[PDB]
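For this chain, numbers begin at 1 and follow the sequence in order. All heavy atoms count here, side chains included; hydrogens, waters and symmetry mates do not.
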Amino acid sequence: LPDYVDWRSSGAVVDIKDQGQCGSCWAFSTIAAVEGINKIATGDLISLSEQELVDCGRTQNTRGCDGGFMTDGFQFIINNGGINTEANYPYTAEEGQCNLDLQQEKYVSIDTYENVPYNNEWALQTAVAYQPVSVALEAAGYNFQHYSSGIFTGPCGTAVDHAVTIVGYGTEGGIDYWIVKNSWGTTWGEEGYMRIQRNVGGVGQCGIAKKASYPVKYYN
């Protein structure tokens, strides 16, 4: 595999967003992954609708601002036959009624989605070498929350309480890292991103390798 991957450098990453006062992180992670594979397969970067997932992708497990699962995000897009744009169905950071007309406007679609084999950074690296990957990690700790620069090495737990998107990886000073796109806006971390330690084994740093998945498009 390549020694360095950065999906931002090839225009497969939309500018950093902010989920605000809403636990919709699962939706931002879904969308950032979908945005990435669309660019990769079609050559066009389109910013897509998190609100649509919040409002229209409710399941038994996925509940708008009260948390959810990227797998439910991908399923909704598959089942719906696509997703509308950010501009057409803008983000409000509150759970609203599903706008059926906007739900019927489909600008980007995916064919399927896949789970990365759990607790396998090598398999995660393989997936990331090909596209951005949706992951969940433990982001509630003081240090994760106040991260502003460098490579994050903890401390953190391993409960997957917050979804983000891996948009790359590399090495600096002999330390391997993942590049993580967060949805806490540009004032957190390295203008919204975090470099977090890679190749630590097991569940990955802050449990990053526990619940990884990515959307699939058959044709390039």
Side-chain angles (χ1 to χ4, degrees), residues 1-10 12-19 23-37 67-71 73 115-215:
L1 296 167
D3 302 27
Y4 182 63
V5 172
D6 192 344
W7 292 110
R8 306 169 295 179
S9 71
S10 54
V13 185
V14 174
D15 288 355
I16 289 284
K17 302 167 179 181
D18 199 327
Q19 74 191 77
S24 49
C25 51
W26 64 271
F28 284 77
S29 183
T30 308
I31 297 298
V34 179
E35 289 167 343
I37 196 68
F69 292 86
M70 296 77 76
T71 54
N115 301 306
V116 180
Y118 84 102
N119 301 0
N120 194 332
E121 291 190 73
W122 175 254
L124 184 56
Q125 191 191 334
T126 304
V128 175
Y130 182 73
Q131 63 189 294
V133 177
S134 291
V135 297
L137 45 60
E138 200 290 280
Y142 186 94
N143 290 297
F144 197 106
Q145 302 252 321
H146 289 80
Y147 171 84
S148 61
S149 81
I151 297 163
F152 190 72
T153 57
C156 51
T158 66
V160 288
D161 57 46
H162 178 82
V164 298
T165 316
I166 300 177
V167 293
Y169 66 80
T171 305
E172 265 291 320
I175 313 304
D176 304 329
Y177 61 84
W178 298 109
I179 307 165
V180 143
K181 185 179 185 193
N182 204 350
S183 45
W184 292 345
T186 58
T187 74
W188 179 83
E190 300 186 325
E191 296 196 301
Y193 298 90
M194 167 191 267
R195 294 177 294 145
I196 179 170
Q197 207 181 0
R198 166 170 67 95
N199 292 333
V200 296
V203 298
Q205 189 67 59
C206 313
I208 197 168
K210 290 171 75 175
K211 211 173 61 199
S213 57
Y214 51 84

Heavy-atom side-chain contact between [X] and [Y] under 4.5 Å:
X: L137; Y: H162; value: yes
X: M194; Y: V164; value: no
X: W178; Y: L124; value: yes

Verdict with reasoning, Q19 to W184, per side chain to side chain contact (heavy atoms under 4.5 Å, CB included): CA-CA 6 Å; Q19 74 191 77; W184 292 345; 3.6 Å; yes
Between [atom1] on residue [X] and [atom2] on residue [Y], distance to nearest 0.5 Å:
X: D18; Y: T187; atom1: CG; atom2: OG1; result: 7.0 Å
X: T30; Y: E35; atom1: OG1; atom2: CD; result: 10.5 Å
X: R195; Y: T153; atom1: CZ; atom2: OG1; result: 11.5 Å

Residue pair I208, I166: steps toward the side chain to side chain contact (heavy atoms under 4.5 Å, CB included) verdict: CA-CA 9 Å; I208 197 168; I166 300 177; 3.8 Å; yes
Summary of ring-ring contact (aromatic ring centres under 6.0 Å, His included) pairs that have at least one residue in residues 133-154, sequence neighbours excluded: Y142-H146, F144-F152, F144-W188, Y147-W188
Indicate the atoms forming the closest heavy-atom contact of [X] with [Y], along with that distance.
X: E121; Y: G201; value: OE2-N, 2.8 Å
X: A129; Y: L1; value: CB-CD2, 3.8 Å
X: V128; Y: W7; value: O-NE1, 2.9 Å
X: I37; Y: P215; value: CG2-CG, 3.6 Å

Test side chain to side chain contact (heavy atoms under 4.5 Å, CB included) applied to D6 - qualifying residues, sequence neighbours left out: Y4, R8, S9, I179
Side chain to side chain contact (heavy atoms under 4.5 Å, CB included) partners for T171, two or more places apart: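 With sequence neighbours excluded, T171 shows a side chain to side chain contact (heavy atoms under 4.5 Å, CB included) to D176, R198, given in chain and number order.
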Test side-chain contact (heavy atoms from CB on, under 4.5 Å) applied to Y193 and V167, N182, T165, the passing residue: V167
Where the side chain of [X] meets the backbone of [Y], is there a donor-acceptor pair that is under 3.5 Å apart?
X: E190; Y: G150; answer: yes
X: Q145; Y: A139; answer: yes
X: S134; Y: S29; answer: yes
X: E138; Y: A140; answer: yes
X: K211; Y: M70; answer: no
X: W26; Y: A136; answer: no

With sequence neighbours excluded, residues passing ring pair (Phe, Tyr, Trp, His ring centres under 6.0 Å) with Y214: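 Counting only residues at least two positions away or on another chain, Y214 forms no ring pair (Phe, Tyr, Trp, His ring centres under 6.0 Å).
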Contact list for residues 133-176, test disulfide bond (SG atoms under 2.5 Å apart), sequence neighbours left out: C156-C206
Salt bridge (charged side-chain N to carboxylate O under 4.0 Å, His left out) contacts touching residues 157-172 (sequence neighbours left out): none
